[PDB]
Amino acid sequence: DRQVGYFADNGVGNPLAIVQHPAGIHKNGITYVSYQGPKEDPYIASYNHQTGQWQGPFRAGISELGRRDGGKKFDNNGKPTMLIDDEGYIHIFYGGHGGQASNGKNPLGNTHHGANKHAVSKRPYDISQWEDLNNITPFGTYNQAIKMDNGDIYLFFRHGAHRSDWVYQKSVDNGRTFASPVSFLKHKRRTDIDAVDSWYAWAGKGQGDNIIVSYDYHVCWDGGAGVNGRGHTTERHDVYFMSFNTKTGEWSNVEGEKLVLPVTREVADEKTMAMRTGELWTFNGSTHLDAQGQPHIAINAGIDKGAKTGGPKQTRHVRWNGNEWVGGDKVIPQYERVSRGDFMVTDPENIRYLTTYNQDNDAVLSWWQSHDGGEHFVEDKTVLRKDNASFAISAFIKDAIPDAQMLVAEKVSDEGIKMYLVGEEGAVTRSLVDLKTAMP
């Protein structure tokens, strides 16, 4: 037997992403981790930090996205999101890419395929057996699950495919019943161009009873519209910020001005814009408050090179300094390829990304540190590096301890993808004999 760096070897497509978060959660010395496995089904494992023993991975549910007739080989937009409720049941949200006509008429957007799903562990703190609840709307993409101190659960998602509002559904009974969706970002026809307002949001905990939300805007072009009829692309621009007080129900911008829901593009441009990116195309990151309560934002952006996705995009850091939004500088200086990363912030000046990037054909995951509020980052220790690969990463694990902070997927082909749990220094190893016994 020997220790290997990966805890599973069956990921497919993009098995992780920052937008489906938490992908893993730490509680009482156990780190729970989830990712997308064969047929895009959600898999979950756990690591017991005191005993050194892994459990799983176990399949938590059955995704429609892995059983489509044709189309893209892997969809990936329904990789799993995790939450542990106040009774210890583990919830997995997964499988949605906006539903389809068989689920009903989507009242808050359009559809594509794959009904959004909700599984729960049969017993508290036991990841081995699962049951379907599917008590949320099937018209969902991009699950983001937040539990407040009183146990209330907010599930944020897009209520359909591109041309849909973003919403949350709230549960006060540990995820067993959800209230109807509440729209907080509006999709609608533009009155100036042949496009629909569309959005991508990242919601996470703020301080107290606040939830904070960063988002970029998608210019959702009609077919044949746009410059020289380029049609529908992934064109996205800019980044915005607002806050949600879960005690009062009210939303506000960084200055505390209250917003009427759902927020339209026109109000967002007036009230919640954080950083314009000009002609640069964006891919959203995440947001976190510093120790003075001021929001920091990771936003990826890059030059449009004419591709359907524009071109490669690099992570940039933005922050509220108490009076104005500042920043926009790249985390990795002079880098022009693809980078992604999540960050931690303490004092407003002190920001650390764990970021992935490529050097030649190799994948790198390393820490980058700023002490000047995000204008300059310097690379510190490398946590994982793999030749002839690229990394998909999770957001930082909820309540992470130093040994287990982020999940990584070593993309080589689009199946058989090795899955890693990494900490300050490197991977949380698993016995190979144990892994082979457990797989799948």
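Residue numbers here begin at 1 and follow the sequence given.
As recorded in the PDB entry, 201-209 is the stretch of 112-120 and 201-209 with the greater mean C-alpha temperature factor. Between 189-197 and 336-344, it is 189-197 that carries the larger average Cα temperature factor according to the deposited entry. In the PDB entry, the Cα temperature factor peaks, among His376, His49, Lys386, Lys27, at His376. You'll see in the entry that, of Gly88, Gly285, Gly310, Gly98, the Cα B factor peaks at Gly310. Per-chain ranking of the deposited C-alpha B factor places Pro38 in the lowest third. For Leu261, the recorded CA temperature factor ranks within the highest third of the chain's modelled residues.
Sort the chain's modelled residues by C-alpha temperature factor and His162 lands in the middle third, per the entry.
Annotation for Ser394: C-alpha temperature factor in the lowest third relative to the rest of the modelled chain, per the entry. The PDB entry assigns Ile351 a C-alpha temperature factor belonging to the middle third of its chain's modelled residues.
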